[PDB]
Structures are given as structure tokens and as C-alpha cells.
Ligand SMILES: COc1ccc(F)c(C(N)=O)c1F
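Heads up, the chain below is alone and in the form solved without the ligand; it's given as C-alpha cells.
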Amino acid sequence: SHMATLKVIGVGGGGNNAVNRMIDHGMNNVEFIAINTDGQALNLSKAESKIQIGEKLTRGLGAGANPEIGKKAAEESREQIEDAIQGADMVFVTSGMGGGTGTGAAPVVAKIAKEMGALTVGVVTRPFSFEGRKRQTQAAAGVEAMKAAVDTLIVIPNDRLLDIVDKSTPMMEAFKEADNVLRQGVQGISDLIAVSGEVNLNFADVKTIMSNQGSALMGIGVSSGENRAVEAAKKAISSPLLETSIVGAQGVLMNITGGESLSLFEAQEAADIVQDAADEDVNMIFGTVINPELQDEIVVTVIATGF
């Protein structure tokens, strides 16, 4: 076939939560896998594929906050993990850094995926500041292990969630907003992989921009009316949740989707917004897709790397 296989793997409590919320929202052409030391949380997982790691180590009661326990559980379940991953051309590993299962096992899962040739993308959170300095330091070590294990890594500091809520936004909704990064990135990459464009981008272009690239920005912006293209681009590159800014980006995959009214001029304006915002000359892998069922709506998908 010529259709890449995409899998999303949630490791630990936060990653399993992300998996479950993405499933609830509705995702179609992606295989979800849940990996955990916590048997109860895994029994509540909506993922079609489930891997309880560290069963003898932990008896399904969790790894605690020893990254080494989660790491050992993952390494001891390597074969199960590999069998679950087999067939994947692209693998998204999502996890909450700080704990023992995510922080320790997500890099092992990512390394396993990377050594099977899958384009391996990490989307991990850092703990809130109020969780303390030891938690944040452990999260940092986990983030560096992730960087060493993945093709590219998106970090979402939980503190940024305090910048998008008002005083009454339910925690559930804010966590759904954090998960939207991963979900909308997966959906955009999927659509781009699948849909032929007037300037065509395929999976190999995604690899070009994301293979062995370290830190990354992943964003999407939708807009309508006058100045829609510029505004969608600005939305795409200006997410308050992402640690990495677009500045200093050396590579960028950029796709623009619109109706049949999509003008070359406004696509140029969007690409200029992105190319200038980097404050650098950026290797842009650029694409355009005409979705005739859109009308006055323009969607700008951006993936930046090279920091």
C-alpha cells in the first residue's frame, strides 16, 4: 500500500488519559495503544490494544515516582511493545513527565519504535510549578531521555494551561485543550498524508521535516473572512501551550487547506507570515489542498523543527 500506518501510544496515567480523551472525541484512522504499570487505569482504558508492564515488579499497583521502575518494566516488556508497534510507519508517544511510569517508560517505548524504523514523535507534558522542584527536575531528565529516543519532541508545560483558562474553566476542559495539540497534529498529518494537494505533500515530506530533529512546534489555525489566511497562519504558529516558539526554526512543513476560492496571493501571505516569524531563513516544505466543501474557511497546519 501507499498509506502510512499511524499509532498513538499513551504511557502512564497522563498518556492513558490523553488516549481516552482522544478516543472519546473521535479518531478514526489511528491505532491507539495504552501502556501502564497501573492495572486499574489500564482496565479503564478505551484503547483497543493494552500492555500492562511491570506486573511482577509492581503487581499492577503502579511504579510510584521512580523513573527506573517504569524503565525496567518497559524494557522487560519490550517484546510485547514491539509486537504492538509492528506495522507502524509513524508512532506518537504521549506521556506526562514527572511520574515513574511515564518518565521512565515513555523513552523506552519511543526507542523501541525508533529502532523499528517508525517516524517517532513524542508529545509530553511537564508538571505544574506547584508540583515542586523535584518533580520538575525528574520531568526534565525524562524530557531529555525522550529527546534521545524520538525523532522529534513536542513539550507542553502544564503551567501554560494556566494561561488559557479563566477562573472557572473546568480542569477537564483545560486537559482536553492540552490533548488537542496531539490530536489535531495527528489529524492534520493524517489528512496531509492522505489527500492529494495542488502542491502535494506526502508522508516522506513529513519524514523530511520530522526525522531526527529534536524539539518541534506543532500547530494548526482556522480562520474565516477578510485576512483569513494571515490569521490562520498566526494562529498556527502562536500556540500559548508550546514551550518551543517558532523563532529559530530552521525547517518547517506548512500546509494550507481551503475551498476553491483559495488565492495564490493569500497562500503567499500565510507562508510569508510563517517564514518571517521564524526570524530566520527556514527550509519550508510547503503544500496546499483544496477541500471544495470548505467555503470561507482556511486551515493552516504548521510543523516546525530545527532548533
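Counting begins at 1, following the sequence as shown.
Below, we turn to the form deposited with the ligand bound, even though it does not appear here.
**Q** Can you pick out, from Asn200, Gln80, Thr169, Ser224, the residue that has a heavy atom within 4.5 Å of the ligand in the deposited complex?
**A** If I apply the 4.5 Å criterion carefully, the residue I get is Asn200.
**Q** Just to confirm the contact call: exactly one of 224 to 232, 189 to 197, 80 to 88, 143 to 151 touches the ligand in the deposited complex at a 4.5 Å heavy atom cutoff, so which is it?
**A** Within 4.5 Å of the partner lies stretch 189 to 197.
**Q** Applying a 4.5 Å heavy atom distance criterion, does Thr288 contact the ligand in the deposited complex?
**A** Yes - in the deposited complex, heavy atoms of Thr288 and the ligand come within 4.5 Å of each other.
**Q** Looking at the ligand in the deposited complex, which residues in 158 to 187 have at least one heavy atom within 4.5 Å of it?
**A** Heavy-atom contacts within 4.5 Å come from no residue here.
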